[PDB]
Every structure is written in C-alpha cells, then in structure tokens.
Amino acid sequence: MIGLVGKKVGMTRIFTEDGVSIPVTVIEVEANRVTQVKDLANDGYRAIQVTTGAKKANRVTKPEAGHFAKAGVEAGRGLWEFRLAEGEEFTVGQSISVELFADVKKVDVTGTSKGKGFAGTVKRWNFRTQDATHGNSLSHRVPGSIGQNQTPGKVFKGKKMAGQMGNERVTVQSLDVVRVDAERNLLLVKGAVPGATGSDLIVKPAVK
Amino acid sequence: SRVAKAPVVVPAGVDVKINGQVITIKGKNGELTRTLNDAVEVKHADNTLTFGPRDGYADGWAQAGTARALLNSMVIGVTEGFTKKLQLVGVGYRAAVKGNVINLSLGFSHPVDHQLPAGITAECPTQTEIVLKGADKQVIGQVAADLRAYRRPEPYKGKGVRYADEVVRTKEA
Amino acid sequence: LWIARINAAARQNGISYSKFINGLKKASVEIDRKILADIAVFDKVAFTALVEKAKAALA
Amino acid sequence: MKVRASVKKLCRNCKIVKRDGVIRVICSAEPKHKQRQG
Amino acid sequence: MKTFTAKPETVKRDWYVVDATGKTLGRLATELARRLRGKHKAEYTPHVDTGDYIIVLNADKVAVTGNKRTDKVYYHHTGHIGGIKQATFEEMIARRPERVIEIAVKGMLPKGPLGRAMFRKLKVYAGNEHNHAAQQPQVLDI
RNA sequence: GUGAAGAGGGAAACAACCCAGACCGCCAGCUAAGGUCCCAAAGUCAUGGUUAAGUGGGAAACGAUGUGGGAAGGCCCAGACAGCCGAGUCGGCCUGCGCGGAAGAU
RNA sequence: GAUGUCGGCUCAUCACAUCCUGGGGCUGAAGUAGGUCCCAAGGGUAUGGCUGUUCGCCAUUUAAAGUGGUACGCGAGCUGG
RNA sequence: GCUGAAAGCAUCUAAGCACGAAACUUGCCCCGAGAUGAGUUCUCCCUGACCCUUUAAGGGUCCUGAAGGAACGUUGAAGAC
C-alpha cells in the first residue's frame, strides 16, 4: 500500500521489563494531505500526490499558490507521490495520519545520506595500503596499476577510482516497528536510517 | 496407408459433425472434438468414415494413418470408455480418494496430494490399489504416468507405484 | 546517372531498361543516353512514343 | 549412457532410432546397451 | 545545356499506407527502401531526397520461412566490458514488434546524414489504427 | 610470367594472382575478367531437375531404416513378409545431394 | 640515430578442457561412502617454516584451496633480494 | 515421458501434448527525455499607438517592463572552484 513522509528527530533506547535495551530511531510523522489524484484515462497510471508541513506565505510563488488553492489545502514544504494498488481509493482534500501503521510489523525507509566530498580509494572502495617502510618512494595510499598492456591498450569502463562520496539516495529494508504513537505523531523503529538530524524520510510497508 | 485404407464404422447412436477441418463426435459417454492436419480429406457416406490425402502435399498417407487411429480411439471412447489400474508395493504405503483428490502416503516426511483434471474419475477398492476411469486415452495415460513418477519402482525389491500388468526385473547386490 | 533515370522512366510505362535498349537496337534508332534522359525528364509524350516503338519492334 | 562417434547394435534386442537430429540405440533387455552419437 | 538537378525547395511528396499481414520481411523491406530513397522517379538525384511518406500497419504479423522464428538471433553490445547481449525473433515480436521491420529497413539505406534523414519518413505501427487521416494517404499494394 | 622500373578494372580492405600496357581534350558508342533483390550500375529472365541442412557461407579415419536415379537376384493367389486375412515382400552392387564426428581466450 | 628483463607488492579482465556449490545416465550402485561420462561459467575459491626464488617438501586449517590467455598482464604505479 | 503413423507389429516425433537446473528474461536496489524518436499532467503571467519600403516569418519611432530570474548580504551536518 501507500506510505508517509516524516522527519528525523534523533536516537534513543527503550528498556524492556526483562532486561534488554533496544536502539531506536524517532521519526515525527504529521498528517499528510492529498493534493491530486492521478488516474488512468487522463494520465495513464494510478497514483496520489500528498503534502505535509508548513511554509511561510511570503516565500510561495503564484503557480504553487494556485496549485494548492485548487485543491483547497494550505501550503506545505514539498510534494510527493505514491502509486496505488488494485482496490485502493482516495479523495482530494483527505488527510492521512500515523495510525495507518497500527498493524504493520516491518518497514522500509528511504533517505539521503551524509556527504563526504572528494574521497580516495582507501576510503571509497577499501583498497589495501602499500608498505610504509622498506624503501617505498612516494607511493603509500596510491592505487597502483590500472590496466594491462598494448592489448587492449585502454582503461575499461567502470573502473574503481577516486571522486565524490555520499550525498545520494539510500534505502534500508525490513526494520521492526517498535512503537506507534498517534497522540504525539511518533514512530519508533529499531536500528538506524540514512541521513542527518532534521531530514526528510519516506516510510513504506515492507516489500519482501 | 494399410491402416488408413480401412474405414471406421460409426455404431448406432453416435453423432458426427464435420466442419472444414474440425470434427466433433458425441455419444452416450460424452463429447470429443479435434482439428485435423491440413493434408487430409474425410468423407462420411452412410455409416463409415474414410480418410485420404489431399493434393500438393508430400506426406499425405502418414497423416491419414494418424487421423484414422485418432478417430477410431474417439469412437470407442465416446461409447465404451477406458480404464487404468495402479498398484502400490512397500510397507506403510497407501492411497485414498476424496472428491477429485488422491492422497498418497509413500514414505515421505510430508503429505502428497494429487488433483485430478476434468473428465477422469478415480477410486480405490483396497488401501493398495487405484482404478481410473475415463473417456480420453491421452489424458488417462498422462495421469497414470504422473502418479507413477512420485516413487518409481526400484530394482532391489520392487517397492513403489507400478502398473497392473508391468513386469519389474530385479538383481542382487 | 543517365542510366538510372532511363530505368525509372521506362518502368512507369511498363518495360525494363535492358528490353527497352534491345528494342531500340532492333528498330534502328540511334539516340543516346544523354538525350534519352533529358527527354524523359522534360517531355513525357515523346518518351511514351519511343517506348511504343520499342515494344512494337520486340513484339 | 555411452557417448561415442560409432554407434552399433550389440545384441538382437537393440534398435536404432533418429530423434531430434541425433542417432540413438535403445535396448529392451540390457541397460548397458544404450548409446548416443556425439 | 547541362544535366537536370532537383532542388529541395520544390519537390513533391505523397503519403501511402501498407499492410504487412503474411508478407516476407526482406521482400517487403526492399520495396520500402526503394520508395523511401526515390528510385522510382525520373527526377532521381543522388544528393537530394525525393522519396515519399509510408505508413505500415500490422507489424506483429510478418512472416519468415524455414526455422527462423526460433533460430534468428539479434546481437548488440552495451559498451561495458562483458556486455554482449542477444535476443530471438520470437522475443522481439513479443516485446517490441516494430523494431524488427525498422532494423530490416535501416540496414538497406545509405549510410550518412542523408540516409538518416530518409529514415524519418517511415511510420510503423503494431496494430491496425493510425492517426494520420489529415494527410489523406493512398493504399499501396506491395 | 609479373614486380622491381607500370598507372586503370576484378578478388571487401590486399607489390608478385585474373583482364589489360596511360601523348593531350569530350556531360558520345562497343566490349574483356567479373556481375544484374537493397547498400551499389545492370534479368525479382525463360525451361527442366536436386537440397531442408541457412548446407550454400572451414576439416579426417569411421558410424547411420535421411532423400533422388540405374542394372540384376530370392520368395509370391500351387495364398509370401510382420501380428494375433488378401498385394507384395527380402538382401546386395553403381551413382547425385545432405547429417554426426566439431572445444578458446576485449 | 634504444620496444628496460626474474621473482615480490597494489590493481585487475577474459576462455572452459569445471576444483566447490546446482541438474542427470550407467555401475562389478543394499544404506553411508565411491568409480566413469553428459549439461552447466551466477558467486566463491588458505595462513605459516626453509630458500632471491616460480616450483617443491613440511606443519596446521577449509565446501573447495581449478588449469590457461592478456608484451611468460601490470617499473612515465612501488621495490631491488 | 503420453498419445501416434510412414513400416497391419514396435517407436518420446514426423502432425499434436506434459515435466525439467545457481546458466537466459523478469521480480529487489540506484541512474535515467540531448530518448535530436528532444514525451505526459497541474498551475501562473502578457489584451498600446504610428512611419517606411525592394511586400515579408521585413525595418524602424514613442508608450509600456508582467510571471520569474539573476546580482548583493548573513550562512549550512552541502562543498577543491
């Protein structure tokens, strides 16, 4: 089925009455508001679009204001879509809350990872370092050979080298749902999820 | 050729319909339809069907023979029918029938169930016998082979699922 | 280039290049490929007349 | 089964067949007489 | 006088429609290529385009002889080491039926900018319905 | 005999192979070797046969009821060959075209 | 009127005549374990003592410690026994 | 393996039908319309007068300057620029 959009708050622990500590991640999941319903006769596929959050009125351009005003909702801090299955239906203006996950056991979480900038082969691809003594000359953390010889006489596409690391989309799968709280808008999952404190997350029911 | 040069008689009470290359045969035991290869001519005079080659094809006679055999089998099946018998040998081996499912215990660690297709009936006189009744020779044979394949006979004692009139050889270690 | 244009022109009237040239040889016409192509493009009634003469010769 | 470039009849109960472009020998008495040309 | 040469600013072109049910692939592709290039007009000029527009219907029903439905293999390479890939005629008809005729015709045209420009006048559909009735095409029996 | 000291056409690309020996100009015609479905000039020519392997478009000793043509043998309505009545069947020789043997590194 | 070469280190890529894992036929295949052949290239395929050594012998592990091509791969990437 | 003739028998095959592996196509994750074959959907903004000539997807004078963007400043768990 569909999922929701939340924000990353931090990490803590839960003690159990039988003497166990569970490391959990705290996600704040406010209400999600339906802005558009896309169907098969006019668009070609079945999906819904949702918004969440709040945004100041002096930073909202006129096209965005019109798009929100046609639906009849206030402005949020983004727009996302979720594909619909066979037998699911929603209406424009409707609100969806965290209690959708009341009976779910496991979830999949998607986010954006922390950035590291330019990185080398030791850090990016786990290459092994050469000797530190015994006569080495300016070649300690360098990669080494990158090809064979006259045959083929080039470097193959996809070779592992240095460059940008981090700051991209990452999914993590099959995480237990430790707690759902509706009066507070809280979801506590077990483990860790990609991103930093104060970032947008997408939470879905497990696919496997 | 020598097989296609013998007409097939239609006993009283059997209806035959011919439309292009499609043939339908109906009678007391039921209904059977088929489509023939595009090299044969079939003619119905008063009480018999005759098969022959068309023109412009290089393998008419073999196809005619095959078609003759097929229609003879259909004619027999639409009135009398066909039967198959299966036997079980071993210790702790048995079979039972409910509705259209045969449950077999054959020395495994899990149950084995087999779901019959449409048009075949099954029964068990004793715990160690199966009888299959039907109107289609090919389907009855396929079901018998399927049932056999679960636990084939072995050459040191003979345990397994076998045919009624099959001789199974044995050798010594 | 001239030969290709002549082939195209003759196939619309209903004959092929080789047969057309054979018919002209048997009828004793002595026009060449340059003039033939020029006429095929700029005047079509005369080309039909030539094709008819070649067909009569072949028949 | 025997994979050989020379396939023959070894006893009187053997038969030679052509299946799917391949020549084979099948015996109804001895399982050791089964041959395939390849 | 000098020999005649055609001019792209004044050239006539026409729209034709063809059906491909039960027809041999290569013996259809030859005619398509010939009429796309324009070898059927007395104004043929090697350095100009003089052809016509052709619509092709029912591309999922071409015919091949022999055992080619299962034994004809299409190859390609992805540019990465080890990236050789293949498909069969049946699989092509099941996934992308138009690509078959398109490849056949593309192999039979001149190589260069002008051949690429000639290829753009070919419309191939998998069904029996086009949406080009505003151009009024004429039926062509090949 | 050719190249060296020789250009032009064919063999995909290819000094020594096949055709053929360039004084200069032409928006004329006939041919050689090799070719005429599209890339690319010219027969989707006419008559009679063979191959089903994409053989054509890589290769042996040897093995096989693949399929055309030819000349002779044994048995056969005095009921033959296969199986439990009714028209043929059995084994060799010469010859045309195909099948298997057939595994390599961007 | 110059194409630096044995072993080691770092980094690889291909073939199949398959070392392990997968699917099968025969067995002088009772079971557990084996022998021989057919299909199959997705992934994975040791640390040390001696010697400059590739190899090799030895000690203790592992499901297994495959055979070959790439200027006997790789010094404008390192070392220099 | 089932049914079945050429070859009155037999036969997994020639006409029909069913199973069958980490190899093949999908199912999982990431990029992706410069896909020049440049795609689809929702929202927003612009509604004045004249002259010339070789007469057409023509050149020029006054009035007007929207949606939005960019530049500057205080900065970031984003970054060699």
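Quick note on labels: first sequence line is chain A, next is B, and so on, each numbered from 1. Below, each value reflects all heavy atoms present in this structure, side chains not excepted, and no hydrogens, waters or symmetry copies.
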Contact list (N/O, under 3.5 angstrom) for nucleotides 55-59 of chain F vs protein:
none

Nucleotide of F:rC27, H:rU43, H:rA67 approaching C:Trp2 most closely (side-chain heavy atoms): F:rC27
For E:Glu102, all residues meeting salt bridge (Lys or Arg N to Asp or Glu O under 4.0 Å), sequence neighbours excluded: E:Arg99
E:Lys68, nearest nucleotide to its side chain (from F:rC27, F:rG54, H:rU3): F:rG54
List, with names and distances, any nitrogen or oxygen atoms from the protein found under 3.5 Å away from nitrogen or oxygen atoms belonging to nucleotides 28-32 of chain H.
unit_1 : atom_1 : unit_2   : atom_2 : d
H:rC28 : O2'    : A:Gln173 : NE2    : 3.4
H:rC30 : OP1    : A:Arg169 : NE     : 3.3
H:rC30 : OP1    : A:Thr171 : OG1    : 2.8

Sequence-distant partners of D:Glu30, salt bridge (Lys or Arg N to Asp or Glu O under 4.0 Å), two or more places apart: none
Residue matched to F:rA41 through Watson-Crick or wobble contacts both under 3.5 angstrom: none
A:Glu64: salt bridge (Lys or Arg N to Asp or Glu O under 4.0 Å) partners, not counting sequence neighbours: A:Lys55
Under 4.0 Å protein heavy-atom contacts per nucleotide of nucleotides 27-37 of chain G, with B for base, S for backbone only and - for none: SBBS-------
Summary of protein contacts for nucleotides 5-12 of chain H, nucleotide by nucleotide, where a base hit scores B, a sugar-phosphate-only hit scores S (4.0 Å, heavy atoms): SS-B--SB
G:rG73 vs G:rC11: Watson-Crick/wobble pairing, cut-off under 3.5 Å: yes
Within 6.0 angstrom of E:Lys85 NZ, more than 12 heavy atoms from elsewhere: no
Taking only nitrogen or oxygen atoms into account, show me every contact under 3.5 Å that the protein makes with nucleotides 96-100 of chain F, one pair per line with its distance.
unit_1  : atom_1 : unit_2 : atom_2 : d
F:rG100 : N2     : D:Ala5 : O      : 3.4

Identify each atom pair where a protein N or O and an N or O of nucleotides 30-34 of chain F are less than 3.5 Å apart, giving names and distance.
unit_1 : atom_1 : unit_2  : atom_2 : d
F:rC30 : OP1    : C:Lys25 : NZ     : 3.2
F:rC30 : OP1    : C:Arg33 : NH2    : 3.4
F:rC30 : OP2    : C:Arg33 : NH2    : 3.4

Sugar-phosphate only, base, or nothing, as touched by A:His140 at under 4.0 Å among non-hydrogen atoms: nothing
Selected nucleotide, minimal atom distance to C:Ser16 side chain, candidates G:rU70, H:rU43, F:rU44: F:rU44
Proximal nucleotide (of H:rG68, F:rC38, H:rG16) relative to the E:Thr30 side chain: F:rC38
NZ/NE/NH1/NH2 to OD/OE distance under 4.0 Å, C:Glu30 and C:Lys25: no
Test side-chain contact (heavy atoms from CB on, under 4.5 Å) applied to E:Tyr125 and E:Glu98, step by step: CA-CA 7 Å; E:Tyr125 296 85; E:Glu98 310 93 333; 6.0 Å; no
Strand partner of G:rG56, provided both Watson-Crick or wobble distances fall under 3.5 Å: G:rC50
Nucleotide pairing, RNA chain H (Watson-Crick or G-U, distances under 3.5 Å), in dot-bracket with [ ] and |: ((.............))..............................(((((.....)))))...................
G:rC38 to G:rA17 separation - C1' atoms, rounded to the nearest Å: 14 Å
Minimum-distance nucleotide (side-chain atoms of E:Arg99 versus H:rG37, H:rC17, F:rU44): H:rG37
Touch class at under 4.0 angstrom, heavy-atom based, for D:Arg4 against every strand present: nothing
Nearest-neighbour nucleotide for the C:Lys34 side chain, F:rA41, F:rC27, H:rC42 considered: F:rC27
Pairing partner (Watson-Crick or G-U wobble, both distances under 3.5 angstrom) of G:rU36: G:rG25
Sugar-phosphate only, base, or nothing, as touched by E:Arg120 at under 4.0 Å among non-hydrogen atoms: sugar-phosphate
Cationic tip of E:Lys106 above E:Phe119 ring, under 6.0 Å, 45° of axis: yes
Separation of the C1' atoms in G:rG42 and H:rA23, to the nearest angstrom: 7 Å
Complementary nucleotide of F:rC97, counting Watson-Crick and G-U pairs under 3.5 Å: F:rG66
Base-pairing assignment for G:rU3 (Watson-Crick or G-U wobble, both under 3.5 Å): none
Every protein N/O within reach of nucleotides 10-17 of chain G N/O, cut-off under 3.5 Å:
unit_1 : atom_1 : unit_2   : atom_2 : d
G:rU10 : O2'    : A:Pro143 : O      : 2.7
G:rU10 : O2     : A:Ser145 : N      : 3.3
G:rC11 : OP1    : A:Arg128 : N      : 3.4
G:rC11 : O2'    : A:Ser145 : O      : 3.4
G:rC11 : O2'    : A:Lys159 : NZ     : 3.0
G:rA12 : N3     : A:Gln148 : NE2    : 3.2

Candidates H:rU41, H:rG37, G:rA71 - which lies nearest the side chain of A:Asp43: H:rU41
Could you pull out the protein-nucleic contacts involving nucleotides 76-81 of chain H (nitrogen or oxygen on both sides, under 3.5 Å)?
unit_1 : atom_1 : unit_2   : atom_2 : d
H:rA77 : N6     : A:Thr197 : O      : 3.2
H:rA78 : OP2    : A:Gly115 : N      : 2.9
H:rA78 : OP2    : A:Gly115 : O      : 3.2
H:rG79 : OP1    : A:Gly117 : N      : 3.3
H:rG79 : OP1    : A:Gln164 : NE2    : 2.8

Closest listed nucleotide, where the reference is the side chain of E:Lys39 and the choices are H:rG68, F:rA41, H:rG16: F:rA41
pair B:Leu70-B:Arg34: side-chain heavy atoms closer than 4.5 Å: yes
